[PDB]
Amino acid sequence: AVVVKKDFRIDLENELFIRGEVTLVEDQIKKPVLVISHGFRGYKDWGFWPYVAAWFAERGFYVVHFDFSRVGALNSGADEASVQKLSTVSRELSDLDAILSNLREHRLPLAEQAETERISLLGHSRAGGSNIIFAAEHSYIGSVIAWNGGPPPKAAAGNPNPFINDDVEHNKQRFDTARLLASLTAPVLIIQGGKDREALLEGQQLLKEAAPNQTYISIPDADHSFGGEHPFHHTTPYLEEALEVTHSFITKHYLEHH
């Protein structure tokens, strides 16, 4: 049982691109799909992501994780205005659309082993919110999990990004995850570490109050990265628990029960 890792690159407009990887144990059968989105400071090789992708591949998934367009732009020497424009939630939604379209058109590596009837999303931090938005707007997403994220987007930390300020202001209803969670009939899981930063914990309580239909799990002693921040020598009890709970939540919802 070898975990294969197949690199790919999706060419977008002009000089932009998405680099990604498919992680899979090749069993000559279609496997449910997990698409992973990294957080605002992440990239596909950051911290626990390679371990996480392999962990789900060992447990029966066809896994996709990838660099958002803004990562390749930065690495390619794009200037600050270009990188800032690519850093909106709106661009995340568009990059996810390119990943999912290429998956659904069987252009990703080993796509004959992807069960595209059974797509789940896993998003970390800021991508937890954008994954909820994407899932709510796309019927073909069957379930979504957010790790230490979920609340509606707002202006990023550090330097002012005006494109982010405009994106947030022109999309207040569209990006309101409390309203989206309340009406989404697909199962949503939010895992939140109890040691995380305290404006985030308050945002998470508003989601649970707004949308008690969904599933909210606390890991009381875990921080924003479940201890798996870069570099990654080994897993942690908080990351293993988040993986277990995420896995259990997905399989619990594969069969339609009533």
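From 1 onward, residues are counted along the sequence shown.
S.K.: Identify the stretch, either 208 to 216 or 48 to 56, whose C-alpha atoms have the larger mean B-factor according to the entry.
M.R.: Comparing 208 to 216 with 48 to 56, the higher average CA B-factor belongs to 208 to 216.
S.K.: Averaging only over Cα atoms, indicate whether 122 to 130 or 173 to 181 has the higher B-factor in the PDB entry.
M.R.: Per the PDB record, 173 to 181.
S.K.: Out of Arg104, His138, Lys154, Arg91, which residue has the highest Cα temperature factor in the PDB record?
M.R.: Highest C-alpha B-factor among the listed options: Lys154.
S.K.: Going by the entry, which of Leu110, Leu74, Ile145, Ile99 has the most elevated CA B factor?
M.R.: Comparing C-alpha B-factors across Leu110, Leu74, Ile145, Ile99, the maximum falls on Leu74.
S.K.: Grab the CA temperature factor for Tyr62 from the record and place it in the lowest, middle or highest third of its chain.
M.R.: For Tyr62, the deposited C-alpha B-factor lands in the lowest third.
S.K.: Going by what the PDB entry lists, where does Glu115 fall on CA B-factor within its chain: lowest, middle or highest third?
M.R.: For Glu115, the deposited C-alpha B-factor lands in the lowest third.
S.K.: According to the PDB entry, is the CA B factor of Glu21 in the bottom, middle or top third of its chain, that is, lowest, middle or highest?
M.R.: Lowest third - that is where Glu21 ends up once the chain's C-alpha B-factors are sorted.
S.K.: Please say which third, lowest, middle or highest, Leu201 falls into when its CA temperature factor is compared across its chain.
M.R.: It falls in the top third of the chain.
S.K.: By the recorded C-alpha temperature factor, relative to the other modelled residues in its chain, which third is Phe40 in?
M.R.: Top third by C-alpha B-factor.
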